[PDB]
Amino acid sequence: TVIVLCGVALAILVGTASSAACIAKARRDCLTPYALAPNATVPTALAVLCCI
Amino acid sequence: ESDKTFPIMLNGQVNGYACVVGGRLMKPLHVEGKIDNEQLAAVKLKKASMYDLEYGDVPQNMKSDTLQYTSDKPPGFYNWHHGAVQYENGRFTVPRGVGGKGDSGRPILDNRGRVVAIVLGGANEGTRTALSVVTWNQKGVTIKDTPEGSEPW
Amino acid sequence: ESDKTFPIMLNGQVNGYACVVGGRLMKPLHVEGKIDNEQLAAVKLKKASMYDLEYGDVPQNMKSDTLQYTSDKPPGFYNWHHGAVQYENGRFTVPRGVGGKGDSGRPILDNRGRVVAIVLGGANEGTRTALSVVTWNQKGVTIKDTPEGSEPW
Amino acid sequence: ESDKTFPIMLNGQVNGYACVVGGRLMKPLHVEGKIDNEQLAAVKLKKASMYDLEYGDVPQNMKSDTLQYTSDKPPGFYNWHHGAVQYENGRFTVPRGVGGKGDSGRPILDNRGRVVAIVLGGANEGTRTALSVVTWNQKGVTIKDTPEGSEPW
């Protein structure tokens with residue numbers, strides 16, 4: 001039992017960490033070109049999605 | 001150019017030229033070293049690897065004295081510390097042999113004292129030298145333009 | 001004044017002045033920053049918080065060439081880096097408009113080259129501006145004279 | 001001399017001199033202080049304590065232009081910062097009152113712009129002052145010469 005519970009805990013932890021890293025990298029990729037340029041007329045869908 | 005383009009010092013040599021535009025400092029990632037200015041040494045550099053750059057916010061005092069961005073780039077001659085650069089067919093080129101290592105980060109200047117591109121490297125194609133640079137776009141996109149065979153200075 | 005008065009750095013900006021008199025260096029407490037002189041950075045400062053000041057013993061090589069002190073204060077005009085200051089009714093005043101933030105710690109000099117008071121702040125009455133400063137007495141008592149509504153510079 | 005001789009600074013005071021000869025930087029043990037140059041600060045100094053010296057390999061970028069040395073020592077006058085040292089009877093002398101603390105490590109130059117010896121100190125014998133230095137020899141040897149009652153500058 002303890003083995004399966006710790007395995008499930010590790011699975012959810014690595015899943016959450018991977019999702020967080022992926023959304024952060026997507027934010028980097030889709031934001032850094034606009035942060036280096038003036039007047040970032042950004043459709044706010046990406047930011048509103050990935051700020052939280 | 002001379003007033004507001006700070007080289008990057010390291011081991012007694014200048015390795016690049018960090019530039020402040022639009023109230024933000026940029027410094028190419030491929031080059032390593034320390035900035036001469038004491039103000040710029042205290043800024044947090046957020047790194048963009050895909051464009052080979054890192055950028056940070058300039059302090060309150062130095063925001064007003066910065067070079068101006070641009071979007072419109074008609075083909076022709078453009079200013080540069082080493083002379084003039086030809087822009088044609090969506091490509092930057094210079095006479096063969098001009099420039100070299102340690103000149104990375106040097107901004108290309110417009111007639112009205114406005115920055116058009118930042119020098120990252122140069123590829124020698126025999127007759128001229130094609131400049132691997134980063135340019136702006138009409139929709140505010142920093143396109144990293146690199147001709148084949150580009151080598152980072 | 002210019003030779004002996006040192007600017008203070010706050011993120012690369014002038015925000016006050018540290019004054020040396022009689023072999024002791026004084027600096028207003030409310031002004032935060034680093035002394036430009038490398039040597040004075042190593043001088044330990046002991047603080048009079050109620051007087052809004054810190055004073056410290058200065059080194060051996062520069063105590064002699066110091067702003068000589070005095071205590072006699074007849075009413076009239078007295079020297080100042082920005083011009084002349086009027087001492088009347090036991091109050092130091094200036095024309096309304098001159099002076100402001102960053103001028104704290106500015107010494108007020110005499111015609112013979114001696115110091116009469118050190119500026120800490122000012123309050124605008126509309127007609128003139130009364131300076132909240134520290135003024136000495138015949139019995140060797142330093143009274144921090146602050147007119148009502150004083151705001152430190 | 002002026003171009004390629006770097007003072008040694010400690011606590012804002014110049015206390016010594018380090019010299020580059022033959023592509024190597026020598027500094028004297030008795031004096032303590034930093035070197036303002038980044039590269040010379042980054043050089044690993046190998047210390048001969050009995051010789052009262054530390055020598056380190058000069059970087060590549062300035063090894064090409066370095067002071068040349070010599071071993072032939074005809075007696076007579078040899079130029080240096082504050083005049084000419086007289087060499088006679090296997091000894092260096094300088095008129096009374098010239099030199100003092102802080103001049104250690106100052107090279108002695110030849111008429112052809114070549115270093116012959118490095119000064120470590122002096123000793124007062126009344127009529128003149130005899131220099132305790134590090135002379136060289138034709139057989140690939142370095143000999144420190146000191147008089148009676150030496151005091152290292």
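Taken together, the values in this text are just the output of simple stated rules run on the coordinates, not laboratory data. For neighbour counting, all protein chains shown are included, and Cβ atoms are generated from backbone atoms with ideal geometry for every residue, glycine included.
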Coil-residue trypsin sites (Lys or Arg not before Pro) of the range D:16-77, DSSP, other Cβ within 10 Å capped at 12: D:44
log10 I(q)/I(0), Debye, Cα-only the range B:68-153, no solvent, q = 0.14, 0.16, 0.17, 0.23 Å⁻¹? -0.41, -0.55, -0.62, -1.19
Over chain D, calculate the relative contact order: mean separation of alpha carbon pairs under 8 Å at least 6 apart, over the residue count, as a percent. 18 percent
Can you give me the Cα centroid spacing of the range D:38-89 and the range C:82-100 in angstrom? 61 Å
Holding the Cα-Cα limit at 27 Å, pick out from B:73/B:144; C:4/C:47; B:27/D:44; C:63/C:101; B:34/B:101; B:34/C:4 the pairs that are longer than that. B:27/D:44; C:63/C:101; B:34/C:4
Over the whole of B:5-15, what's the average partner chain Cβ count within 10 Å per residue? Rounded to a whole number, please. 2
How big is the range B:22-79 by the Kirkwood estimate over distinct Cα pairs, in Å? 13.3 Å
Nearest 5 is fine: what % of DSSP beta bridges in the protein assembly as shown come out antiparallel, could you say? 95 percent
Quick check: net charge around residue C:19, other residues with Cβ under 11 Å of its Cβ, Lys/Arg +1 and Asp/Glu -1? +3
Nm distances between copies for residue C:3, ranked from closest, using label points 7 Å along Cα→Cβ: 3.3, 3.5
Approximate spin-label separation residue C:143-residue D:138, in nm, with each point projected 7 Å along Cα-to-Cβ: 8.7 nm
Scaled by the rule-of-thumb 2.2 N^0.38 Å, the alpha carbon Rg for the protein assembly as shown gives a ratio of 1.38
In whole Hz, with x marking every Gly and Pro, tabulate ³J(HN,Hα) for the range B:87-94 from phi via Karplus 6.51 cos²θ - 1.76 cosθ + 1.60, θ = phi - 60°. 10, 7, 6, x, 8, 9, 9, 9
Starting from the Cα of residue C:36, step 7 Å along the direction of its Cβ; do the same at residue A:1; then give the gap between the two resulting points in nm. 7.5 nm
If the label for residue B:63 sits 7 angstrom from Cα along the Cα-to-Cβ line, what are its distances to the same label in every other copy, in nm to one decimal, shortest first? 4.7, 5.0
Copies of residue B:50 compared via label points 7 Å along Cα→Cβ give distances in nm, shortest first, of 6.5, 6.6
Total charge of the residues flanking residue C:122 in space, meaning their Cβ is under 9 Å from its Cβ, with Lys and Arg +1 and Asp and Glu -1, is -2
Peptide ranges C:71-77, C:15-21 listed from the most packed, as the mean C-beta count within 10 angstrom indicates: C:15-21, C:71-77
Just need log10 I(q)/I(0) for chain C at q = 0.08, 0.13 Å⁻¹, Debye formula, equal scatterers on the alpha-carbon atoms, no solvent, rounded to two decimals. -0.21, -0.56
For B:97-106, B:5-14, D:140-149, ranked highest to lowest by mean beta-carbon neighbours within 10 Å, the order is B:97-106, B:5-14, D:140-149
